[PDB]
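Chains A and B supply the protein sequences, listed in that same order.
The first sequence lines up with residues 167 to 190 when you count with the UniProt record's numbering.
The second sequence lines up with residues 11 to 470 when you count with the UniProt record's numbering.
From the three backbone atoms N, C-alpha and C, an ideal C-beta is built for every residue, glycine too.
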Amino acid sequence: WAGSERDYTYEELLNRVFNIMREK
Amino acid sequence: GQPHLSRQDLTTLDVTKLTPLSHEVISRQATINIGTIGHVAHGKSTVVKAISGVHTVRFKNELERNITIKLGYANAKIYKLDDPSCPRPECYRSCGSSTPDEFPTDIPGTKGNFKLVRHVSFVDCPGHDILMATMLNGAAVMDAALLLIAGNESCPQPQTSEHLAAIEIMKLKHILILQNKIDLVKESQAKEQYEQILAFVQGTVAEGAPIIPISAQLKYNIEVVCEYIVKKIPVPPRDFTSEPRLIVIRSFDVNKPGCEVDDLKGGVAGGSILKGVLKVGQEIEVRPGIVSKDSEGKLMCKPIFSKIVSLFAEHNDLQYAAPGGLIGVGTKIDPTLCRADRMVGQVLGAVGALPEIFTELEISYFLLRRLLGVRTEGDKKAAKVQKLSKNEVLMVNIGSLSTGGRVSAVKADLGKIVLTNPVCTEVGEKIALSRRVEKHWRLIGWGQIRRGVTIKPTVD
């Protein structure tokens with residue numbers, strides 16, 4: 167979604183996972 | 011020797027040019043080691059299974075010996091998608107070691123063929139033998155770590171402190187944290203667990219490490235783990251120029267019962283390569299080889315000289331083997347000497363390029379006094395480490411070379427250890443010690459080989 171060539175944060179990965187089980 | 015993989019030619023091979031990122035070596039065998047410091051029932055095995063698929067093991071014995079000590083390995087190929095349209099980390103994908111170097115995209119990422127990037131090996135042990143396996147010798151056991159914390163429990167669980175103490179003692183600078191089993195965890199619960207995790211790792215080596223949340227069972231955010239393996243994990247330095255050395259971990263007799271004479275094969279010895287490159291057809295010496303006793307009962311060792319018939323890396327066949335995984339050397343040794351893991355604890359290397367054979371060691375041990383990262387619940391003396399005593403059997407772990415030892419004398423801090431079997435080592439090597447606390451072997455200190463009794467290897 168963005169140019170995250172740098173290390174992420176815990177929040178984005180956590181909400182990614184949560185999107186994963188909420189959509190399926 | 012296997013299609014759809016990069017060709018390996020001994021003639022077109024140079025040791026100096028070899029690097030851990032060489033495409034020819036990575037195409038067939040893993041080059042870097044990433045030990046997973048987790049715990050059973052928390053997804054320690056499930057994470058590795060999801061990352062590296064399911065293995066089959068080319069050779070397996072009918073009886074497994076030292077299953078609680080064996081250093082298991084698992085190879086996984088990580089690839090990157092060259093199409094910039096596909097967003098990260100979906101471009102990074104993990105798969106097995108038998109896949110071809112390039113396969114077409116299986117996702118609607120608007121074309122783009124995947125290309126092999128790296129080949130990793132997961133050093134997983136059912137316990138904590140990793141600690142004294144790699145804690146002072148260093149060698150090239152691994153250069154990364156995968157600290158695993160589950161999500162159902164609350165950090166810090168009583169099984170977490172030992173993991174952090176292990177991460178600290180291993181002197182590992184590259185650690186990635188994977189929060190497993192967070193699928194059945196509320197967002198607030200996950201946030202507070204992450205806060206507890208960062209509080210626990212505050213002021214420790216895991217300060218600047220990812221806290222990536224993944225679900226091993228459903229294979230969620232594994233691509234993030236692959237991405238951080240690519241980027242966060244640096245390329246380790248390896249020495250491909252010295253004479254090859256391999257610590258033998260496994261040993262198989264591949265001849266099935268009732269086989270023809272022409273179908274007989276030699277002894278396949280699995281192991282780990284420390285420094286150097288092994289070549290097919292190279293003369294090799296295994297030490298201490300055949301260990302026997304005289305009529306009066308005097309130890310004698312005859313090193314076994316043989317030739318490398320073939321090399322295997324999981325299901326792949328190699329022409330030259332490099333450090334960074336479990337390599338199985340199929341040789342010309344008689345299957346009698348290599349059946350049912352009977353050659354474990356021996357060093358296999360170039361002829362005349364092996365350390366000395368020791369029967370007794372004189373070490374300068376520093377004894378630990380409490381088990382690393384253990385909660386002393388009720389019994390205060392349970393976690394206490396008693397001083398070394400005479401006629402006590404420890405577990406000397408010189409790198410990946412495991413051997414028993416009976417303490418014969420202690421003066422002030424110089425302890426003499428009488429090994430059960432002679433082992434190949436050199437004076438001044440860093441060794442570790444373990445003691446059977448209960449149902450397990452636990453690290454209790456380390457030391458240096460000041461002196462030692464050596465045995466002259468008879469050769470006929």
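**Message:** Three Cβ pairs or more, each shorter than 8 Å: is that satisfied between the region 104-120 of chain B and the region 248-256 of chain B?
**Reply:** These segments do not touch.
**Prompt:** Short check: CB of B/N190 to CB of B/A155, under 7 Å?
**Reply:** In the second sequence, counting from the first residue as 1, residue 190 of chain B sits at position 180. In the second sequence, counting from the first residue as 1, residue 155 of chain B sits at position 145. Taking the C-beta atoms as reference points, B/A155 is found no nearer than 7 Å to B/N190.
**Members of the region 218-231 of chain B near chain A, C-beta cut-off 9 Å** = Answer in chain order: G218, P220, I221, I222, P223, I224, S225, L228, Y230, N231.
**Request:** For B/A200, go through chain A and note every residue whose CB falls closer than 7 Å to its CB, in chain order.
**Result:** Taking the second sequence and counting its residues from 1, the one referred to as residue 200 of chain B is at position 190. Ordered by position in chain A, the residues that pass the 7 Å Cβ test against B/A200 are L180.
**Prompt:** Any residues in the region 202-214 of chain B with a beta carbon nearer than 7 Å to a beta carbon of chain A? Which ones, in chain order?
**Reply:** Residues passing the 7 Å Cβ filter: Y204.
**Exposed unless 16 or more other CB atoms sit within 10 angstroms - verdict on B/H33** = Indexing the second sequence from 1 puts residue 33 of chain B at position 23. So B/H33 ends up on the exposed side.
**Request:** Could you please give the first and the last residue of the uninterrupted alpha helix (DSSP H) stretch that includes B/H129?
**Result:** Counting from 1 along the second sequence, the entry for residue 129 of chain B is found at position 119. Per DSSP, B/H129 lies in no alpha helix (DSSP H); the unbroken beta strand (DSSP E) holding it starts and ends at 123-131.
**Item:** Within 7 Å, strictly: CB atoms of B/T413 and B/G462
**Value:** As a first step, residue 413 of chain B is located in the second sequence; it is residue number 403 there, counting from the start. As a first step, residue 462 of chain B is located in the second sequence; it is residue number 452 there, counting from the start. Taking the C-beta atoms as reference points, B/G462 is found no nearer than 7 Å to B/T413.
**Asked** If you follow the alpha helix (DSSP H) that residue 5 of chain B is part of, which residue opens it and which one closes it?
**Response** No statement about residue 5 of chain B is possible, as the shown extent of chain B runs from 11 to 470 and does not include it.
**Request:** Please report how far the alpha carbon of B/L23 lies from the alpha carbon of B/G338, in whole angstroms.
**Result:** Walking along the second sequence from the start, residue 23 of chain B turns up at place 13. Walking along the second sequence from the start, residue 338 of chain B turns up at place 328. Using only the alpha carbons, I get a separation of about 20 Å.
**For B/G281: DSSP bridge partner residues** = Counted from its first residue, the second sequence places residue 281 of chain B at position 271. Beta-bridge pairing links B/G281 to B/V258, B/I337.
**Prompt:** Who pairs with B/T464 in a beta bridge, going by DSSP?
**Reply:** The count along the second sequence starts at 1 and reaches residue 464 of chain B at position 454. Answer by DSSP bridge pairing, in chain order: B/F368.
**Prompt:** So, B/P432 versus B/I465, is the Cβ gap smaller than 7 Å?
**Reply:** The residue labelled residue 432 of chain B in the question sits at position 422 within the second sequence. The residue labelled residue 465 of chain B in the question sits at position 455 within the second sequence. Contact annotation: B/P432 and B/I465 have beta-carbon atoms nearer than 7 Å.
**Message:** Does the CB of B/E197 have a neighbour CB from chain A at under 7 Å?
**Reply:** Mapped onto the second sequence, residue 197 of chain B falls at position 187. By the rule that beta-carbons nearer than 7 Å mark a contact, B/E197 touches chain A.
**Prompt:** Mind listing which residues of the region 117-150 of chain B have their C-beta closer than 7 Å to chain A's C-betas, in chain order?
**Reply:** For the region 117-150 of chain B, the beta-carbon criterion of a distance under 7 Å to any beta-carbon of chain A is satisfied by none of its residues.
**Residues of its chain near B/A323, where Cβ-Cβ distance is below 8 Å and the 5 sequence neighbours each way are ignored** = Residue 323 of chain B sits at position 313 when you count from the first residue of the second sequence. Cβ neighbours of B/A323 beyond the five flanking positions: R38, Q39, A40, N85, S107, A331, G335, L336, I337, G338.
**Prompt:** According to the Cβ coordinates, are B/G340 and B/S320 closer than 7 Å?
**Reply:** On the second sequence, position 330 is the one that residue 340 of chain B refers to. On the second sequence, position 310 is the one that residue 320 of chain B refers to. Yes, these two residues count as a Cβ contact at 7 Å.
**Message:** For B/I259 and B/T144, what's the separation of their Cα atoms in angstroms?
**Reply:** For the purposes of this step, residue 259 of chain B is taken as the residue at position 249 of the second sequence. For the purposes of this step, residue 144 of chain B is taken as the residue at position 134 of the second sequence. B/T144 has its alpha-carbon roughly 15 Å from the corresponding atom of B/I259.
**Asked** Taking B/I283 as the reference, which of B/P333, B/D116, B/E293 has the closest Cα?
**Response** By one-based count along the second sequence, residue 283 of chain B stands at place 273. Checked all of B/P333, B/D116, B/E293; the closest Cα to B/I283 is B/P333.
**Asked** For A/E171, which of helix, strand or coil comes out of DSSP?
**Response** By 1-based counting over the first sequence, the position of residue 171 of chain A is 5. A/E171 sits in coil when the DSSP states are folded into three classes, being neither helix nor strand.
**Item:** Supposed contact pair B/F368 and B/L429 - C-beta distance, whole angstroms, cut 8 Å
**Value:** As a first step, residue 429 of chain B must be located in the second sequence, where it is residue number 419. As a first step, residue 368 of chain B must be located in the second sequence, where it is residue number 358. B/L429 to B/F368, Cβ: 7 Å. Contact.
**Prompt:** In chain A, what lies closer than 8 Å to B/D93 by C-beta?
**Reply:** The count along the second sequence starts at 1 and reaches residue 93 of chain B at position 83. Result: empty, since nearest Cβ-Cβ is about 16 Å, beyond 8 Å.
**Request:** Have a look at B/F315 and B/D470 and give me their C-alpha separation to the nearest angstrom.
**Result:** On the second sequence, position 305 is the one that residue 315 of chain B refers to. On the second sequence, position 460 is the one that residue 470 of chain B refers to. Cα to Cα, the separation comes out at about 11 Å.
**Message:** Taking 7 Å as the threshold (C-beta atoms), are B/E253 and B/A363 in contact?
**Reply:** Indexing the second sequence from 1 puts residue 363 of chain B at position 353. Indexing the second sequence from 1 puts residue 253 of chain B at position 243. Yes, Cβ-Cβ distance for B/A363 and B/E253 is below 7 Å.
**Message:** For the region 76-107 of chain B, list every residue whose C-beta sits within 8 Å of some C-beta in chain A, in sequence order.
**Reply:** For the region 76-107 of chain B, which is checked against every Cβ of chain A, the residues closer than 8 Å are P97, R98.
**Asked** According to DSSP, which residues form a beta bridge with B/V296?
**Response** Working through the second sequence from its first residue, we reach residue 296 of chain B at position 286. Residue pairing from DSSP places B/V296 in a beta bridge opposite B/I314, B/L358.
**Cβ neighbour criterion (16 or more within 10 Å) applied to B/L194** = On the second sequence, position 184 is the one that residue 194 of chain B refers to. The C-beta of B/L194 has fewer than 16 other C-beta atoms within 10 Å across all chains shown, which makes the residue exposed.
**Prompt:** Which residue's Cα is closest to the Cα of B/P13: B/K201, B/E366, B/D327?
**Reply:** One-based indexing of the second sequence puts residue 13 of chain B at position 3. Considering only alpha carbons, the answer is B/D327.
**Item:** Cα-Cα separation, B/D304 to B/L371
**Value:** One-based indexing of the second sequence puts residue 304 of chain B at position 294. One-based indexing of the second sequence puts residue 371 of chain B at position 361. C-alpha separation (whole angstroms): 22 Å.
**Request:** Write down the C-beta distance between B/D139 and B/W456 rounded to the nearest angstrom, noting that I regard them as a contact closer than 8 Å.
**Result:** As a working note, residue 139 of chain B is residue 129 in the second sequence. As a working note, residue 456 of chain B is residue 446 in the second sequence. Here B/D139 is actually not in contact with B/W456; their C-beta atoms are around 14 Å apart, not less than 8 Å.
**Prompt:** Who are the neighbours of B/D193 on chain A, taking C-beta pairs under 9 Å?
**Reply:** If you number the second sequence from 1, residue 193 of chain B lands on position 183. Within chain A, the residues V183, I186, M187 have their CB atoms less than 9 Å from the CB of B/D193, given in chain order.
**Prompt:** Do the region 173-189 of chain A and the region 75-91 of chain B make contact, defined as three or more Cβ pairs closer than 8 Å?
**Reply:** Too few Cβ pairs lie closer than 8 Å, so no.
**Asked** Would you call the region 210-227 of chain B and the region 165-180 of chain B in contact, with 3 or more CB pairs under 8 Å?
**Response** Result yes; three or more Cβ-Cβ pairs closer than 8 Å.
**Asked** Residues of chain A with CB under 8 Å from B/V57, in chain order?
**Response** Within the second sequence, numbered from 1, the residue matching residue 57 of chain B stands at position 47. Those do not exist, as B/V57 stays about 15 Å from chain A at its closest Cβ, beyond 8 Å.
**Message:** Check this for me: beta carbons of B/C165 and B/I207, under 7 Å apart or not?
**Reply:** To locate residue 165 of chain B, count along the second sequence from 1; it is residue 155. To locate residue 207 of chain B, count along the second sequence from 1; it is residue 197. Yes, these two residues count as a Cβ contact at 7 Å.
**Prompt:** What do you get for B/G276, buried or exposed, if any count of 16 or more other CB atoms within 10 angstroms of its CB means buried?
**Reply:** Start at 1 with the first residue of the second sequence, and residue 276 of chain B comes out as number 266. Buried, since its Cβ has 16 or more Cβ neighbours within 10 Å.
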